[PDB]
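Beneath this line is the structure, given in C-alpha coordinates, with notes to follow.
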Amino acid sequence: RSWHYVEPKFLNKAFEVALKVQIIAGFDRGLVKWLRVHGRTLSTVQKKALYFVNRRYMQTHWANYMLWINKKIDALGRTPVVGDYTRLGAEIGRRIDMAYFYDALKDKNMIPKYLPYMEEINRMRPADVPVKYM
(Lines of atoms letter the chains of each structure in order from A; the text may use other names.)
(Lines give C-alpha, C1' and ligand atoms only; values in the text may rest on other atoms or scores of the structure.)
Protein backbone atom coordinates (compact mmCIF):
# COMPACT_ATOMS: atom_id res chain seq x y z
CA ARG A 1 0.00 0.00 0.00
CA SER A 2 2.74 2.45 0.99
CA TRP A 3 6.54 2.50 1.07
CA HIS A 4 9.42 4.87 1.75
CA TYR A 5 12.02 5.87 -0.83
CA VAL A 6 15.45 5.03 0.59
CA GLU A 7 18.67 5.01 -1.45
CA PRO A 8 21.01 2.14 -0.41
CA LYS A 9 24.72 2.89 -0.04
CA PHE A 10 25.77 -0.77 0.04
CA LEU A 11 23.80 -1.70 -3.09
CA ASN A 12 25.69 -4.25 -5.19
CA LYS A 13 24.67 -4.21 -8.87
CA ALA A 14 26.45 -7.51 -9.59
CA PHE A 15 24.42 -9.32 -6.93
CA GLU A 16 21.23 -7.67 -8.21
CA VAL A 17 21.41 -9.42 -11.59
CA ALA A 18 21.85 -12.81 -9.88
CA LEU A 19 18.71 -12.14 -7.84
CA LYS A 20 16.84 -10.89 -10.91
CA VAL A 21 17.58 -14.09 -12.86
CA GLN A 22 16.21 -16.30 -10.06
CA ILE A 23 13.08 -14.15 -9.83
CA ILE A 24 12.53 -14.25 -13.60
CA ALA A 25 12.77 -18.06 -13.73
CA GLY A 26 10.14 -18.41 -11.00
CA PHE A 27 7.85 -15.88 -12.69
CA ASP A 28 8.16 -17.74 -16.00
CA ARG A 29 6.55 -20.88 -14.56
CA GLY A 30 3.31 -18.99 -13.99
CA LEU A 31 3.63 -17.29 -17.38
CA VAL A 32 3.19 -20.56 -19.30
CA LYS A 33 0.15 -21.40 -17.15
CA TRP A 34 -1.53 -18.16 -18.25
CA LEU A 35 -0.56 -18.93 -21.85
CA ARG A 36 -2.38 -22.28 -21.66
CA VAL A 37 -5.64 -20.40 -20.95
CA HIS A 38 -5.62 -17.71 -23.68
CA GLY A 39 -3.15 -19.44 -26.00
CA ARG A 40 -5.76 -20.29 -28.64
CA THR A 41 -6.55 -16.58 -29.06
CA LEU A 42 -3.07 -15.25 -28.29
CA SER A 43 -1.79 -12.91 -31.02
CA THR A 44 1.87 -12.60 -32.06
CA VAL A 45 2.22 -9.20 -30.35
CA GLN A 46 0.43 -10.40 -27.19
CA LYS A 47 3.21 -12.90 -26.48
CA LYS A 48 5.84 -10.15 -26.70
CA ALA A 49 3.58 -7.77 -24.74
CA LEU A 50 3.40 -10.27 -21.86
CA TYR A 51 7.18 -10.04 -21.37
CA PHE A 52 6.72 -6.30 -20.86
CA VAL A 53 3.85 -7.01 -18.44
CA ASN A 54 6.08 -9.39 -16.46
CA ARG A 55 8.67 -6.63 -15.99
CA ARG A 56 5.97 -4.22 -14.78
CA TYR A 57 4.64 -6.96 -12.50
CA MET A 58 8.10 -7.53 -11.04
CA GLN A 59 8.49 -3.80 -10.30
CA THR A 60 5.07 -3.71 -8.60
CA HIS A 61 5.72 -6.97 -6.73
CA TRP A 62 9.09 -5.64 -5.52
CA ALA A 63 7.29 -2.92 -3.55
CA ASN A 64 5.76 -5.56 -1.25
CA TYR A 65 9.15 -7.10 -0.42
CA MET A 66 11.00 -3.75 -0.53
CA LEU A 67 10.02 -2.82 3.04
CA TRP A 68 10.77 -6.29 4.39
CA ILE A 69 14.03 -7.08 2.55
CA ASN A 70 15.56 -3.79 1.30
CA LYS A 71 14.72 -1.66 4.36
CA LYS A 72 16.29 -4.15 6.78
CA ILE A 73 19.41 -4.65 4.63
CA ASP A 74 20.01 -0.91 4.23
CA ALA A 75 19.43 -0.20 7.94
CA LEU A 76 21.72 -3.06 9.02
CA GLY A 77 24.46 -2.06 6.59
CA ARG A 78 25.29 -5.71 5.95
CA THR A 79 26.09 -6.90 2.42
CA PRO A 80 24.32 -10.23 1.65
CA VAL A 81 26.03 -12.65 -0.74
CA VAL A 82 24.65 -14.46 -3.81
CA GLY A 83 23.60 -17.46 -1.70
CA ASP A 84 21.64 -15.21 0.66
CA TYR A 85 19.90 -13.52 -2.28
CA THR A 86 18.99 -16.81 -3.99
CA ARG A 87 17.03 -17.83 -0.87
CA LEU A 88 15.16 -14.52 -0.95
CA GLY A 89 14.46 -14.94 -4.66
CA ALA A 90 12.71 -18.26 -4.07
CA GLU A 91 10.31 -16.58 -1.63
CA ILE A 92 9.69 -13.74 -4.10
CA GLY A 93 9.04 -16.17 -6.95
CA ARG A 94 6.75 -18.25 -4.74
CA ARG A 95 3.91 -15.73 -5.04
CA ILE A 96 2.75 -15.16 -8.62
CA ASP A 97 -0.44 -13.32 -9.56
CA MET A 98 -0.35 -12.24 -13.22
CA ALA A 99 -4.15 -12.51 -13.39
CA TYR A 100 -4.48 -9.54 -11.01
CA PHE A 101 -2.46 -7.27 -13.32
CA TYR A 102 -4.43 -8.41 -16.37
CA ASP A 103 -7.79 -7.94 -14.63
CA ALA A 104 -6.84 -4.47 -13.34
CA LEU A 105 -5.43 -3.44 -16.74
CA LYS A 106 -8.52 -4.73 -18.56
CA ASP A 107 -10.86 -2.96 -16.12
CA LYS A 108 -9.31 0.46 -16.84
CA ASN A 109 -8.85 -0.47 -20.54
CA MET A 110 -5.35 1.05 -20.66
CA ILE A 111 -3.88 -1.33 -23.23
CA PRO A 112 -0.58 -0.02 -24.72
CA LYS A 113 0.02 0.02 -28.48
CA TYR A 114 2.07 -2.87 -29.86
CA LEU A 115 5.22 -0.98 -30.85
CA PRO A 116 8.38 -2.55 -32.38
CA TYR A 117 10.56 -0.45 -30.06
CA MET A 118 8.97 -2.01 -26.97
CA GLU A 119 9.45 -5.46 -28.49
CA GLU A 120 13.16 -4.73 -29.00
CA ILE A 121 13.49 -3.62 -25.37
CA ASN A 122 12.02 -6.92 -24.14
CA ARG A 123 14.45 -8.83 -26.37
CA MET A 124 17.39 -7.07 -24.66
CA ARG A 125 19.38 -9.17 -22.17
CA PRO A 126 17.96 -8.79 -18.58
CA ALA A 127 21.49 -8.14 -17.29
CA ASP A 128 21.72 -4.97 -19.40
CA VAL A 129 18.19 -3.86 -18.45
CA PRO A 130 18.14 -1.37 -15.50
CA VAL A 131 15.52 -1.82 -12.78
CA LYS A 132 13.48 0.84 -11.00
CA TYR A 133 11.10 0.78 -8.03
CA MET A 134 7.54 2.11 -8.01
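Quick note, in the authors' numbering, the sequence shown goes up one by one and the last residue is 134. For each residue, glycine too, the CB sits at the ideal point set by N, CA and C.
In three-state terms, what does DSSP make of residue i?
i: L11; result: coil
i: residue 135; result: Coverage of the chain is limited to positions 1 through 134, which leaves residue 135 absent and any answer about it impossible.
i: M118; result: helix
i: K132; result: coil
i: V6; result: coil
By a C-beta neighbour count over all protein chains shown, 10 Å radius and 16 as the cutoff for buried, is residue i buried or exposed?
i: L76; result: exposed
i: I23; result: buried
i: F27; result: buried
i: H38; result: exposed
i: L19; result: buried
i: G93; result: buried
i: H61; result: buried
Could you tell me which of the options sits nearest to residue i, measuring between CA atoms?
i: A49; options: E7, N122 and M98; result: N122
i: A90; options: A25, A14, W34 and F10; result: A25
i: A99; options: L11, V21 and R36; result: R36
i: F15; options: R87, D107, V82 and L88; result: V82
i: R87; options: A104, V21 and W34; result: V21
Return the chain-ordered ranges of every alpha helix (DSSP H) run that is complete within the region 28-116 and spans a minimum of 4 residues.
-> 44-65, 71-76, 82-92 and 98-108
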